[PDB]
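Structure 1 and structure 2 below are two forms of the same protein chain, each written out on its own as structure tokens.
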Structure 1
């Protein structure tokens, strides 16, 4: 990764074993649950495209998910070349050449070239760009590997309200969509799909009632 030495110059450090293991275990333990996106984003903090590939390649199993990931990377990398045409001149001693979509993915870029792009007077972040594509690809995985649909989430007759909401938003979260789509679902289904006993209590508070006001009401 590109960390900052005490000299204020962003230097390339080796990806710590602690970081690798943590990434391998979250994938083995938590699989592709929503909390795998934050862990990756945090464990990839300041990573070079090669550091990212390293992490992804350490993922044992889920090779299907990994292929979709490569497909999404290929997709987004094609959006980088269709929006950033290659800019061919000579080579200067001030500036780096124009990065390409494949260069960002680390396929056609070396570590030095990657490192330089991130450590540049006008910095072009190939790491954060690459990481941006990956997290999008993992959102398609979490969406896919989510068996539930928010519509299929209904409160059971003997189910505590806190549990139904935990399930409502667990499904809502995995089903990645606009915050507007996810906000409309709550105001539509959270009370509509509640069991009749608590549902009349919820209707008995008014739509402008917080989730806290809903959940404290249907306690027992």
Structure 2
């Protein structure tokens, strides 16, 4: 990644085994459960495009997902190139060239060029731009592997209300890949006895009040 030293200047630092192992284990344990995405984002703080490819490459399984991610990346890179065409022809000696989609994705750029872009003034944050493309793809994957529709999350006749609400909002989080946009459907899919207590609370009950009322 790029971090600041005591100069205090922005410099490249090797990705640590600590970070590498964290990401590998998160994927191993959690697959594409939505809470994997914020972990990816935090572990890749300050990442160059090279670092981002490294993390993605250390994933052993899930190659269907990874191919879908590649397809999303290529789509975003094509759109980058539409929005910001780069001038062909030889570039000026010693000068910084403009990055195209493939440079941002780190397929056609060197680490040194990536470093140059990220630390220039003003900087071209190719690491942040590539990370956004990756998260866009990962969100699609989280939504694809979400196994259940919110419409099938209904409270069991013997299920405690809190356990039902946990399933409901966990399902909501995956179906929406942790992006916000509920109250009524939650009451509707409650079991008969809880639904009765809830309807009699009136509209605008907080979740706290609902869980209290059905405890």
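Residues that one form lacks are left out of the comparison. Numbering follows the first chain given and starts at 1. Whichever C-alpha set is largest while still superposing within 1.5 Å between the two forms counts as the rigid core.
Check your understanding: Which residue moves between structure 1 and structure 2, judged by a Cα shift of 2 Å or more on the rigid core: 87, 132, 120, 143?
Key -> With the rigid core superposed, the residue that stands out is 87.
Point to revise | For residue 195, CA displacement between structure 1 and structure 2 after the core is overlaid, in Å | key: Here the C-alpha difference is 0.5 Å.
Practice item. Determine, in Å, the CA shift of residue 207 between structure 1 and structure 2 after the rigid core is used for superposition. Key: A shift of 1.8 Å at the C-alpha.
Exercise for review: Provide the ranges, sorted by sequence, of consecutive runs with at least 3 residues in which each Cα shifts 2 Å or more between structure 1 and structure 2, based on a superposition on the core.
Suggested key: Segments displaced between structure 1 and structure 2 after core fit: 87-97, 177-181.
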